[PDB]
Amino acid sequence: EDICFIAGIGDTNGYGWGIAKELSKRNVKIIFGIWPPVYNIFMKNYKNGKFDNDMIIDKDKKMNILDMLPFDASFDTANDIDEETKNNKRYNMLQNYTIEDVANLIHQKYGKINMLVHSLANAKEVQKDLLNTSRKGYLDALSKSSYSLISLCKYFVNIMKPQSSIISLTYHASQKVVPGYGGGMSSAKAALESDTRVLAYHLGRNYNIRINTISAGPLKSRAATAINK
């Protein structure tokens, strides 16, 4: 009877999908938060059964997707979306895609959930190395890859029962240097890891909720390929 919100799915090739799969094995309902740039396309593929043979599970099981909602971790609340992206070709038809809104929508439609998965990152200048990354790009990598986790927690913590768990993904480049992982993504991962502790203290003491992070090996997903090196 556990419900889990996964943020960071835009196809069955990333870690999110793999996480949603394993969660389904233990029969937990799954809600997918999907980024607008690739929302409709995902819906279309799902609808035409283009993911059908990817929802398969050894034990004959077939993933159980509770819902699929448009979601953009760049916005905390509706008053945060800029007019441009607001009138943009992909976001116009859509609504309730900010962190606050989806959190509210989820609770309003299914009640309190007890699992939260942060499976996303982004950086405009990932191709450039630290030294050559601009303030703009750097702050972008941290805003999208690290702060989203904190905002995500702040709003969801309220629609989560006690003893619920939260997790996010990280990469070892935060602790040891890996040339090529630029744009400030190594910096964002280092912040995410430090924030994972600070948050564990607070969420632990005040809500009895846990939060941990997973430092994953290499996976050829859409995001990863974006590096190009």
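Numbering starts at 1 and runs along the sequence shown.
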Exercise for the section: Check the entry's C-alpha temperature factors for 61-69 and 189-197, then say which stretch has the higher mean. Expected result: 61-69
Handout entry: Stretch with the greater mean C-alpha B-factor as recorded in the entry, comparing 31-39 against 159-167
Key = 31-39
Practice task
Pick out which of 151, 87, 132, 98 has the highest C-alpha B-factor in the PDB entry.
Solution key: 87
Handout entry: Residue with highest C-alpha B-factor in the PDB entry, from 109, 128, 136, 118
Key = 109
Fill in the blank from the handout: Chain-relative C-alpha B factor for residue 209 (record values, thirds): the lowest
Problem - Where the record places residue 172 (Cα B-factor, split into thirds across the chain) - result: lowest
Handout entry: Where the record places residue 142 (Cα B-factor, split into thirds across the chain)
Key = lowest
Exercise for the section: Check where residue 18 lands among this chain's C-alpha B-factors and tell me if it's the lowest, middle or highest third. Expected result: middle
Fill in the blank from the handout: Entry-reported C-alpha B-factor of residue 49 relative to its chain, by third, is highest
